[PDB]
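Here the structure is laid out as structure tokens; the discussion comes afterwards.
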DNA sequence: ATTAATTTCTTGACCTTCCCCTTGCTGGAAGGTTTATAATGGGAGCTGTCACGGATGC
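Residue numbers (PDB author numbering): 377 to 455.
The structure is reproduced here in structure tokens:
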């Protein structure tokens, strides 16, 4: 909880590059929230990296997944 | 009130597609998973809309 609450600035700073008129801001924010929640258990911090750098890829994956599944009436898949 | 040559009915005997499938790939579509330097308070009207009640605060 404190890990995901200390890094909401990460999702609200990464959600600037995908602010198109397909979805609202809050859906992308809460999809990046579950992407960061997956990155918490996928972190494995013993390599010596920061959480923002590895969490950026997971949150961008969740953002692309939300813009692929949602933001379109005809649901076109992610590929 | 009779039946013998035609004219229909019925029954095997044949004739097509529909669909699944044959070995061997070959390509396309739908769904889920990582990627490991550094990334930490975002973004957008529109008012030049005017005149009523219904609820809030002295």
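Heads up, the beta-carbon is just placed ideally off N, CA and C, and yes, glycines get one too.
Q) Roughly how many whole angstroms lie between the Cα atoms of residue 401 and residue 416? A) Going by the C-alpha atoms only, they are around 22 Å apart.
Q. In the structure shown, what three-state DSSP assignment does residue 382 receive?
A. In the displayed model, residue 382 falls within coil according to three-state DSSP, outside both helix and strand.
Q | Nearest-angstrom Cβ-Cβ length linking residue 435 and residue 411, presumed shorter than 8 Å | A | Contact between residue 435 and residue 411 holds, since their C-beta atoms are separated by about 4 Å, short of 8 Å.
Q: Compute the Euclidean distance between the alpha carbons of residue 379 and residue 431, then round it to the nearest angstrom.
A: One C-alpha to the other measures close to 12 Å.
Q) What's the gap between the Cα of residue 370 and the Cα of residue 439? A) What the structure shows of the chain is the stretch from 377 to 455, and residue 370 is not part of that stretch, so it cannot be assessed.
**Q.** Assigned secondary structure, residue 449 (DSSP; H/G/I helix, E/B strand, else coil)
**A.** Residue 449 sits in coil when the DSSP states are folded into three classes, being neither helix nor strand.
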